[PDB]
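Working notes, structure below.
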Amino acid sequence: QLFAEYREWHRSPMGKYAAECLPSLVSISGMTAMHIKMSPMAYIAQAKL
Amino acid sequence: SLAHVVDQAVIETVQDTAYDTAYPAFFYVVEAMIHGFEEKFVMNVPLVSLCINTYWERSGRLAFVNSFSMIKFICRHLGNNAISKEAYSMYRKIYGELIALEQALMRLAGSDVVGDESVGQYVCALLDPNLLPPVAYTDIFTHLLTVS
Amino acid sequence: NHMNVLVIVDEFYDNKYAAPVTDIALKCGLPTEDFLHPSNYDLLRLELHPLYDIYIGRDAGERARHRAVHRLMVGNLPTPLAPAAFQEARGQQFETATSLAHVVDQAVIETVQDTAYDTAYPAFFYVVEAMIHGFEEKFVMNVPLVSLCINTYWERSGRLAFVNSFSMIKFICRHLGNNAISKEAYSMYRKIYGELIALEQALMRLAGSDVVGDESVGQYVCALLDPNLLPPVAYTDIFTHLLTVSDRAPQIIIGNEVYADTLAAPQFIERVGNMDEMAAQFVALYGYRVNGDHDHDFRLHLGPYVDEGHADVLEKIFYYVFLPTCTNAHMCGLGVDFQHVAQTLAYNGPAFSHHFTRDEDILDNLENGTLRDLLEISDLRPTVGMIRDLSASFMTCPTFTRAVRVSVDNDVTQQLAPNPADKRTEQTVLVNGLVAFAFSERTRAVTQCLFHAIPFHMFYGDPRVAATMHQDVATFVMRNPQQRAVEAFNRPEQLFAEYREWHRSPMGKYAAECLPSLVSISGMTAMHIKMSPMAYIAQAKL
Amino acid sequence: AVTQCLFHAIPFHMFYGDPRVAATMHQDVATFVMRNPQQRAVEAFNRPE
Amino acid sequence: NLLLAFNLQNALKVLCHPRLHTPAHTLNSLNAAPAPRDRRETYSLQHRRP
Amino acid sequence: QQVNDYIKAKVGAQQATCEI
Amino acid sequence: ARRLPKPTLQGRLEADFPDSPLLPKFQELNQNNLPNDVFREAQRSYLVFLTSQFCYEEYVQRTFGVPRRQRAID
Amino acid sequence: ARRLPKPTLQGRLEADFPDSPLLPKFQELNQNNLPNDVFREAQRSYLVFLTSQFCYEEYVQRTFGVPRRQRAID
Amino acid sequence: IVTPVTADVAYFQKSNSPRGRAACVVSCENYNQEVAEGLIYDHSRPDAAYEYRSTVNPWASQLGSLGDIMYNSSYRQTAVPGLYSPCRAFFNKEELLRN
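So the sequence lines, in the order shown, correspond to chains A, B, C, D, E, F, G, H and I. Residue numbers for the first sequence follow the authors' numbering, so the first one is 988 and each next one is one higher. Residue numbers for the second sequence follow the authors' numbering, so the first one is 593 and each next one is one higher. Residue numbers for the third sequence follow the authors' numbering, so the first one is 495 and each next one is one higher. Residue numbers for the fourth sequence follow the authors' numbering, so the first one is 939 and each next one is one higher. Residue numbers for the fifth sequence follow the authors' numbering, so the first one is 445 and each next one is one higher. Mind the numbering: the sixth sequence is residues 1136 to 1148, 1178 to 1184 in the authors' numbering, read in order. Residue numbers for the seventh sequence follow the authors' numbering, so the first one is 2 and each next one is one higher. Residue numbers for the eighth sequence follow the authors' numbering, so the first one is 2 and each next one is one higher. Residue numbers for the ninth sequence follow the authors' numbering, so the first one is 1185 and each next one is one higher.
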């Protein structure tokens, strides 16, 4: 009644990345760059750049 | 073309704060009393200006970084020599990193629009108005019933 | 149809829902492997000449024709077909070809970057930088004020002040050379002023010692040595001087009423001379200020033209290759209401009452007004004498600010267009307006009465700073968050036309994205070289 | 502007005839290098005969 | 012997389709399976409203 | 329909057929 | 067309300081049925204009008043 | 269904300080509707409410106009 | 021929056209000028060779581009007719549609 993991935004891959990554600029950039969606126009904006 | 305003010392001192067992719970009761309000923060400016100047000149670490509004207000206020020279710069860097990452995500989404809205809600999941921050103090709840 | 720029900004951004972007700012956002993809045919269709920004326009009559406006500098070549690494490498070719000598280091560029990214910049610095109008003797009377200001900003916060305005930079460089200001604080201003001299030396070395007729070729090769380019802020009269030194046709649109001759000077300008030279008309100018219809005043209350040895170039260099790269173009035009800021001073207790001694601090005995909060958020303790001297610059202070649309001809080798309307280039100059770093909400809440945001340039139209200065464009970049790009932000149509502009989006994306360093300054100077055949000749020679 | 009664400018040698130094010292060479800005090079300055 | 690249941009003709993004056919293949999984979890599948 | 005709237009809508 | 919001500027300076000068210049203010707020900011503008005039005319007197030669024997 | 434990909070405040300006306003409760051990905590909550009311009302009058004119004139 | 600095050198390491688009008009159907102008000039469809780009330079390969106004016969009406230009073999639309 507080956190149902399947129906969420941030799941166990996110916590598994954040709990192990060494805190630096590449980890902040990787966490910013793993919040991109999986839309078709999320792939359009990754095919352009 | 991201430009990090944060070096390794700021991250290595935020991790110094978070791995501190002896973190003062008075900095929890002050943020509990203020709870993200601008009118309540200016009442307690000579309180938090003593708080984060005894925590800095005592341990080398910076207080109140566990909540966003409590360092957004330290970014706005408290730059008038209330905090020390090298302690305000850490809060300013932590707040400037979020604007730099916002500019980077906006440049990732581009300048193209679908229908009439942008694609920032469609490309990333941080520029999405549907996702809310996990800690609410003001009303962010009537807003996404109007814009979403 | 009027002078007042606050209603010019306000009637554009009131309920702005459609935010269309220019096609030169659309391509600018693409890489070269994506620009040549056949899905972007609607942007590849009008990229068919390296010098000309062809656009179709709009079907106004029955059938519309295309219009080709020149891309003047090589910086206006797009980011697809001339990327930022290419211009950054042309800068390193330019630095060794002309033998440029960098006097600044990464320390000076760092301490200039830490002011435009500082939201704790004192707004009191804007009111002293506004009460001085680029005048010399106004700076002489405020030497203890600014020697308090820069020292209290350098000891406390570590950054250096007044770096948005070149006038304060050169006045600090010549007047404050004593032990009043600190040693390293003066050293930073000395480096900032010396790098403009060094870049002017390098641009003169690239231009060479070749003359066309009697005049030099330096106006034909670069744009920073061109006297028909104006700096974005004109505090004194550089308009009649532009009418004198131009062989082409300047057509200065001062509030829908152009003028293209020097015999029409007092019909369109009013010289604000010295203080003792205006003492016979203090009350006349104040009655024109308080009692007067300023809304439709097609007259510029400008200063006198001083003629420094460098013609106009160090102003253009500071405002175009130093500040748009040290700050990543994070500035906006700061239009000041001048009778509202001298109502703030000369009031509030000790500025009007002479019962206080002149060397007593104002903050322990200042009533709860907008001046006390102006010094509460900044934490400086001035005496009452410097605030009395700063309020004393009100009789010779101009009434408002206003932007003016200088529309000079193109170069003689860039005038090959069929139509004579796109044979010209436009430049919006902010007369008596400032340029501003990032505001907070604590600063905007107490200086909403004094300043107002003017997005008028490509480097001086950033919505990341105009949204912190204008509340009505903050709702613009909440609704359309893609407008926060400096290349794609909507600017007012009466105030900024992109196609008819010296610096377009192509250079706005190099400004807003490059890392601030020596190679970026050299790359921005080397992308100001025109796409003129004399520039091809003076680049083949080096 | 202070030292106008004491000293003046002599465009004297090749190393000692720099018109970036004389133009801050003489009021006539500054108006000379307004119209001819390419004279600011040390090699190309018109020194007195 | 031309060196043609294969970007992500060429694969957008199939990565942007609503067949690659619908789960309808894989759920039609899994719900019609003759032998499903024996280890069921029911730990946090659905939110319960307090 | 805006999303559908944006996706269908930003991607395109003897050559060896080459699937993924 | 319009203008900015006015500053705060609470109170009236001429009432709380009667022993100050330049109030004989501040007496004659041509009010021809000016409203109860328009004359207030007209008082504001003319008062800061008289104050700036007095501060400039004392600044130029302090500038022209240098350590003199007859003040050296004094 | 439950709340947190109670803080330490030794004794009663009014038994040591009878010179309190909020003490006549505090006495507007009664015992005869509830047990004693929860009436004591209702007294705790009401006295904290009146205490923070007094500390707010001494604050809001100050930081509006604490720099005054006539304190610096005279 | 004026061409941007992002034209890949791998285009220039093999025999191609000096403009961007390859002019495979010989492969198309005979006596059909309307469609076969499109494979030379219409950039909405990719190259004959490199089908991930439309042209290696747009400043010469388009219908009214800079390389086209220099070397096509439609805009060389004031040129001296005796002199010889190599790029007339690549930009002239009259002899491009001859093939």
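Think of the CB as a built atom: it goes at the ideal place given N, C-alpha and C, for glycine as much as any other residue.
Asked                                                                                                                                                                                           : Found
Leaving out five residues on either side along the sequence, give the residues of the same chain with a beta carbon under 6 Å from the beta carbon of B/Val598.                                 : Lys685, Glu689
Where in the segment 932 to 1002 of chain C do unbroken runs of the alpha helix (DSSP H), each at least 4 residues long, occur, reported from the N-terminal end onward?                        : 935 to 940, 957 to 960, 965 to 968, 970 to 973
From the beta carbon of C/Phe580, is the nearest beta carbon of chain I less than 8 Å away?                                                                                                     : yes
Mind checking which residues open and close the alpha helix (DSSP H) that includes C/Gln587?                                                                                                    : 578 to 591
Please go through the same chain and pick out, in chain order, the residues whose beta-carbon is closer than 6 Å to the beta-carbon of C/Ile626, but skip the five residues on each side of it. : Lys632, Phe633
For I/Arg1272, name the three-state secondary structure that DSSP assigns.                                                                                                                      : helix
Go to G/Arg41, then tell me how far its alpha helix (DSSP H) extends in each direction, as first and last residue.                                                                              : 39 to 65
Taking the beta strand (DSSP E) that C/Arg896 falls in, what are its first and last residues?                                                                                                   : 896 to 903
I'd like the ranges of any alpha helix (DSSP H) spanning at least 4 consecutive residues and lying wholly in the segment 685 to 719 of chain B.                                                 : 712 to 715
Spatial neighbours of H/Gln32 within its chain, please: CB distance less than 6 Å, with the 5 preceding and 5 following residues excluded, ordered by chain position.                           : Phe40
Please classify C/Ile748: does DSSP put it in a helix, a strand, or coil?                                                                                                                       : coil
Hey, is the segment 972 to 990 of chain C in contact with the segment 931 to 946 of chain C, meaning 3+ C-beta pairs nearer than 8 Å?                                                           : no
Check whether chain A comes within 8 Å of F/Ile1142, counting only Cβ atoms and requiring the distance to be less than that.                                                                    : yes
Taking Cβ positions, are D/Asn984 and D/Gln976 nearer each other than 8 Å?                                                                                                                      : no
Thinking C-alpha only, which one of C/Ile811, C/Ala701, C/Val622, C/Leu575 is nearest C/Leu537?                                                                                                 : C/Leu575
Just the chain C side, please: which residues come within less than 8 Å of A/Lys1035 by C-beta, in chain order?                                                                                 : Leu524, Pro525, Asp528
Does the Cβ of A/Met1025 have 16 or more other Cβ atoms within 10 Å, making it buried, or fewer, making it exposed?                                                                             : exposed
Under the three-state reduction of DSSP, which class applies to B/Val597: helix, strand or coil?                                                                                                : coil
To be precise: take each residue of the segment 847 to 864 of chain C, compare its Cβ to all Cβ atoms of chain H, and keep it if any distance is under 7 Å. Which residues remain?              : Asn859, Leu860, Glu861, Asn862
Return the CA-CA distance between residue 1015 of chain D and D/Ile948, expressed in angstroms with no decimal places.                                                                          : Because chain D is modelled from 939 through 987, residue 1015 of chain D falls outside the range shown and cannot be assessed.
Mapping DSSP to helix, strand and coil, what is C/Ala728?                                                                                                                                       : strand
Which residues, in chain order, does the segment 539 to 573 of chain C contribute to contact with chain E at a C-beta distance below 8 Å?                                                       : none
On the DSSP letters alone, give me the boundaries of the alpha helix (DSSP H) that B/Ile626 sits inside.                                                                                        : 618 to 626
Mark I/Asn1241 as exposed unless 16 or more other C-beta atoms lie within 10 angstroms of its C-beta, in which case mark it buried.                                                             : buried
Strictly below 7 Å CB to CB, what residues from chain E border I/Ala1194?                                                                                                                       : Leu447
Out of C/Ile518, C/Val568, C/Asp528, point me to the one whose CA is closest to C/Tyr549's CA.                                                                                                  : C/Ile518
Report the option in C/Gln833, C/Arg557, C/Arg668, C/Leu542 whose CA atom is closest to the CA atom of G/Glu42.                                                                                 : C/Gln833
Going straight from the alpha carbon of C/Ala624 to that of F/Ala1148, what length do you get?                                                                                                  : 58 Å
Just how far apart, CA to CA, sit E/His461 and C/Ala595?                                                                                                                                        : 56 Å
What three-state label does DSSP hand I/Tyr1255 in the structure shown?                                                                                                                         : helix
Pull up the distance between the alpha-carbon of C/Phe733 and that of C/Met567, whole angstroms please.                                                                                         : 23 Å
Have a look at C/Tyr799, C/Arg699, C/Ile1015 and flag the residue whose alpha-carbon is nearest the alpha-carbon of C/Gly767.                                                                   : C/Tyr799
C/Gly797 bridges to which residues according to DSSP?                                                                                                                                           : C/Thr730
Out of curiosity, what's the CA-to-CA distance linking C/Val980 and C/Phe950?                                                                                                                   : 12 Å
Closest by CA to C/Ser999, which one among C/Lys664, C/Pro914, C/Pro818, C/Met769?                                                                                                              : C/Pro818
What would DSSP say about C/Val835, mapped onto helix, strand or coil?                                                                                                                          : helix
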